Amino acid sequence: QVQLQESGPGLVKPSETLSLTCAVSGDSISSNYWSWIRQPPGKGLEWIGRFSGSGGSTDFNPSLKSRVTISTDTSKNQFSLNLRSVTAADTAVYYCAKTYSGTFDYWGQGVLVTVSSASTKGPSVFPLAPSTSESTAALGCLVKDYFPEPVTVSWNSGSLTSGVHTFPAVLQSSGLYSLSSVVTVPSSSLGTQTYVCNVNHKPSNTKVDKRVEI
Amino acid sequence: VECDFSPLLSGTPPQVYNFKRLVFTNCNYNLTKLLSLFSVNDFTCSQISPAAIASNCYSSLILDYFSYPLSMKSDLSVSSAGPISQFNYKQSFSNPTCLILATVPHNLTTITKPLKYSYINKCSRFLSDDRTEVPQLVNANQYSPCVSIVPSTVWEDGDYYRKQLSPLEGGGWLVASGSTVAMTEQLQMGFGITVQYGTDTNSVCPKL
Amino acid sequence: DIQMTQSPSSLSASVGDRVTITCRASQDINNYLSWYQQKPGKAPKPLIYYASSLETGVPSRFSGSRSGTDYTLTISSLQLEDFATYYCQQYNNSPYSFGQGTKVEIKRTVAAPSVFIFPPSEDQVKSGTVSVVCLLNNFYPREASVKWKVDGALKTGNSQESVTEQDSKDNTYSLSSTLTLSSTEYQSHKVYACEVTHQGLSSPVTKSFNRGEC
C-alpha cells in the first residue's frame, strides 16, 4: 500500500541547483531505509545514495558524493534531494525508492530533469512531400527547432492512425530539439484525399495545422 | 591437485551470518601453510577417531570463514545461548568439527578490513495475524532464514529489517534485528572446519 | 567498487521460447543480487531478490540461479507481457552498481526497408537552413547503414538519425537520417542521394532527387 510520488521542476538552468522532493504515502519514513536512483534517458541505472529516516545517517555514491545532499521531514512524511553544480550530463529520470538490504521493493513514478540553457520556443512546422509514385506513397511533417520537450503530432485530427510513424526528437547542437513524423498512404488516394498534420507544443502554446501538398 | 585457499586471501571477508564457504574435494591441502599466514589466537576442535585433521583422508573438507571479533569469542561454543549460536552460526555436533579464531596480520594487505563487525541478534517469522512470533533458530551447517532480508553488513546497531512473505510461502512477515560491534585495529576472523566421509572417494588427503 | 557485466545486451525471441539472461560481478557478491523488469517509460519492477528468491506476485516463469560467479535470470516460457528491458543489481557493498540491461524484443522475419527521400520544402529554402530527410520504413533487424552522396561523392558529419521502437502489428523499425546544411550550400549541388545498406537488400538502394527539378 506504500506509494511514492516525485515532485520536481522538470527544467533546471545549467549553472544553478536542482531540488527534488519525494512524497511517501502509506508508510512512515522514520522506519526502514530509502534511497535515490537516477537513469539518464536511454541508458542504465545510477544509484545516488541511501539514507535513513529511522537512524538516520547516510551513504552516498562517491561519483556524486561531493555534489549530493539530502534533507528529511517527519511531519510532512517526505524527503528531498539537493544536487548542486549540475551539468548537461545530469539530465536523467530520478527515482526514490524503499529498501531493507539494498534492493528496492517499491519505486515511484520517475521524474525527468533536463538541463540546458534555453527558454521555451515554438516549433517551425514544414511539410515533407515526394515526385515519383509507385503503388504506395509516403509523406510527412518536419518539426524543427522547438524547446522544450515534448510535442504531440496527429494526422487528419486523429482520423489517420494506420502507418503513421512519429520519430523521437534529436537534441541538436543549437540546444533545440527537432523531429519528423511520417505516414505511408495509398498512392491512389493522393489526388482525391487531403492530409494535414496537427502539432501542439504546450510550453510555447504553438498549435499548427500544416497541409502536405504535392 | 592442491586445494586452493586463495578466495580467503583476497577481497573483504563476509560477516558471521552470511559467511563464505569453501568445499574441497579431489585435492591435497596444507593446513600449516594456511595457519602460518594468520596470527592464530584461540581455537578448538571436537571428535577424532581416524584420527587427525591434517593427517587423514576424507571425502570432503568444508571450510567456512567470516570476520569475527575476539571480544565475543565465548559466543562460538555450542553450549552458549548467545545469538551467534542461536541465529548466526551453528556447526555440526555429530561430525568432527574445528573452530579457529585468528587475526589478519599487518603483512597481509590483500584482505581489506570491513567497516565494522555485524551479526544477527534475533531472527523470527511473524504469522498472518502479525502477533504470533516464531523464532527462526539456525540449524547446524545452515544459514539463517533471515539472510534474504538482512544486508551484507548491518548498517546501524538496533536496526530492524522486515519483508512481507508471499501467500504461497505462507504469508506473514520475516523480521530480523541487527547489532554492530566496532572494528579492531587488526582484522579478526573465525574459521569453521568440518569433515565428511564417504564410501566412494577419499581424495581429500594432506599434501606430503 | 564492484561493477556488473550483464550479457547479452539485447536478444530477439518470440513467445514460448526460453531465454536466459546472465550477470557477472567483478568480485564475489555472496548472493546479494536483485533482478528488475523495466517497461518503457515506467519504473523498474522488482522480480527476484537474493539471487534466487521470487518476489510476491511474480509469475513462476521467472527464476533465479547462480553458477560460479555468474547469476542467470531464466524465463522458462516467454510471453508477450515479458518483452522489456531487464537489469541486475548488486547490494553486497557500496556503491550499488547496476547492470547495463538486457532488452528482450520480439523477433520478426527479415524485411527490407522501404526507402523514401524528402526534398526540403521551398518555404524552408528562404529560412537559411535546409533539412533533407531520408526515410527507412518498416525493416528488421534494427541495424542498417545510411550514407549521404551529395552531387556524386560522400559528405559526412551533418547527419542526424532517429529510430523508432518496435511496431505493434508487424514488429518492425523505422529510421530517418536528417541532413542539415546551410541554404547557400544546398543551392550549390544538383543531385542529392540517400544510399542505404540493409541485410534484407542484395545491394545498396539509393534514392535521389535533382534540386529544383519539379
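As a convention, Cβ positions derive from the backbone with ideal geometry for all residues, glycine included, and neighbour counts pool all protein chains shown. No lab work stands behind these numbers, since they all come straight from the coordinates.
Observations on the model:
- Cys residues of the protein assembly as shown counted as unpaired, since no other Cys beta-carbon is under 4.7 Å: C:214
- Under 5 Å from the amide H of residue A:77 lies no amide H of any residue 5 or more positions distant or on a separate chain, with H modelled from the backbone and absent for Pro and chain starts.
- Cross-link reach list, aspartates and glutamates versus residue B:207, counting only Cα pairs under 18 Å and skipping chain neighbours closer than eight places: B:2, B:4
- Largest mean-square fluctuation among C:123, C:28, C:70, in a Gaussian network model of chain C whose springs join Cα atoms under 10 Å apart, belongs to C:123.
- The residue among C:73, C:13, C:192 whose Cα reaches farthest toward the positive pole of the charge dipole of chain C, with charges on the beta-carbon of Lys, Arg, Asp and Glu, is C:13.
- Exposed-loop-free span, longest in chain B, where trypsin sites (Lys or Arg not before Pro) count as exposed if DSSP calls them loop and at most 16 other C-beta atoms lie within 10 Å: B:1-130
- Segment A:1-64 versus segment B:47-67: alpha-carbon centroid distance in Å: 50
- For the residue pairs C:103/C:207; A:65/B:113; B:116/B:163; B:113/C:42, the C-alpha atoms sit more than 29 angstrom apart in C:103/C:207; B:113/C:42.
- About its Cα centre, chain B has a charge dipole of approximately 140 debye under the convention of +1 per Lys or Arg Cβ and -1 per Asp or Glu Cβ, with nothing else charged.
- Coil-residue trypsin sites (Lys or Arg not before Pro) of segment C:153-214, DSSP, other Cβ within 10 Å capped at 11: C:169
- Among B:147, B:174, B:201 - extreme Cα towards positive end, dipole of segment B:132-208, charges at beta-carbon: B:201
- Computed over chain B: relative contact order in percent, which uses C-alpha pairs under 8 Å that are six or more apart: 33
- If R0 equals 35 Å, the separation of the Cβ atoms of residue B:93 and residue C:5 corresponds to a calculated FRET efficiency of about 0.25.
- At an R0 of 25 angstrom, the distance between the Cβ atoms of residue A:136 and residue C:184 translates into a FRET efficiency of 0.10.
- Annotation note: GluC sites (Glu not before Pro) in segment C:178-214 located in DSSP loop regions with a Cβ neighbour count of at most 11 within 10 Å are C:213.
- Just checking the listed ones, B:123, B:45, B:98: in the Gaussian network model of chain B with Cα springs under 10 Å, the one fluctuating most is B:45.
- A straight line joining the Cα centroids of segment A:165-214 and segment A:101-164 runs 9 Å.
- When you filter the chymotrypsin sites (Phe, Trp or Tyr not before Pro) in segment B:87-129 for DSSP loop state and at most 15 other Cβ atoms inside 10 Å of their Cβ, you are left with B:93.
- Highest-MSF residue in chain C out of C:180, C:20, C:156 [GNM, Cα springs under 10 Å]: C:156
- Shielding of peptide B:46-59 by partners, expressed as the average count of other chain Cβ atoms within 10 Å per residue Cβ, is 0.
- Qualifying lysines (Cα of each under 17 Å from Cα of residue A:207; at least 8 residues distant if same chain): A:121, A:144
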